[PDB]
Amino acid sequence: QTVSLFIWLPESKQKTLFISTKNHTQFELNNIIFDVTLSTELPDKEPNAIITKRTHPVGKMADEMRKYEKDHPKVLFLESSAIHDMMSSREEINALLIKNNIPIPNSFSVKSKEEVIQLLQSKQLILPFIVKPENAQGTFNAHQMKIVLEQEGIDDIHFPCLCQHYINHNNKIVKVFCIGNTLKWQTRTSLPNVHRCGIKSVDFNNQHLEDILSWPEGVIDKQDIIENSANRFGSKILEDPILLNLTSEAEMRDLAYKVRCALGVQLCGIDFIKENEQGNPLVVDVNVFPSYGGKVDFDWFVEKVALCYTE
């Protein structure tokens, strides 16, 4: 039997994702011959599956994608417009995690300051909390965060947004990348533990963590400033999370399976933290068709996609 897989990615994503690339590649896996094509444009001939990350929620690619899906219903998308749309909403992601009993820090999708005030006044939302845009993917603004340390810190929040209780997690985050059942994981630095010293809020873009160098004195412990200032608070690789006693392989596989089932996604990245590095994983982010840690082997990627396709 033969299966055609078509990888549809712009050069920008091809460059960040792959060490190198190939046009024609054919291989056999589990008694099936896979023909894999990579292009920046949609296929002229209908394949069995299209493997794609939609660069932006709106625009030409998004439009082409929706049209193609409608007009070629037999083509499997990894991942579809519908999955990208859901994964572009922090509300929709967290609703599915909650519905599927996957621990997260306490989270509220809010539309207004009045709503935030009521959540604070009723002791539902506990300080400090991080404010994440409702839009989750495809822009610089999607990653523009505020940490609210005191009630007065709510004044300049951009709505709609997710307000999520801030967990002091000792500046370690576990990243689990999935190609279906195939996993890759790592630990990175994250954000420092924060202190409620009187400062009302601080801001950072997750793509520009050097913002943290400018936070007022007292929010971060002096020793944490010493330990992280040399790399400008950048997202730095740490030791393997099992070796660090943060998690186990079985825990990561269980969590990743639960998230994939909850969200109906095969190609994703899951970020989780633990309060004081102990207890339940707390999922803080799920991303469609992620970085996989950057610069991955092309042949590895396509074989694992083929494996996923069979399953």
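Numbering starts at 1 and runs along the sequence shown.
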> Would 112-120 or 183-191 have the larger average of its C-alpha temperature factors, as given in the entry?
Replying inline: 112-120
>> Please compare 27-35 with 256-264 and name the stretch with the higher mean C-alpha B-factor in the deposited structure.
In response: 27-35
> Of the options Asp240, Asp156, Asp85, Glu217, which has the highest CA B factor as deposited?
Replying inline: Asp156
> Compared with the other modelled residues in the chain, in which third is the CA B-factor of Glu134?
Replying inline: middle
>> Splitting the chain's C-alpha B-factors into thirds, which one does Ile50 fall into?
In response: lowest
> In terms of the CA temperature factor given in the entry, to which third of its chain does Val283 belong: lowest, middle or highest?
Replying inline: lowest
> Hey, what third does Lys175 fall into on Cα B-factor, ranked over its chain?
Replying inline: lowest
>> Quick check for you: using the entry's CA B-factors within this chain, is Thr247 in the lowest, middle or highest third?
In response: lowest
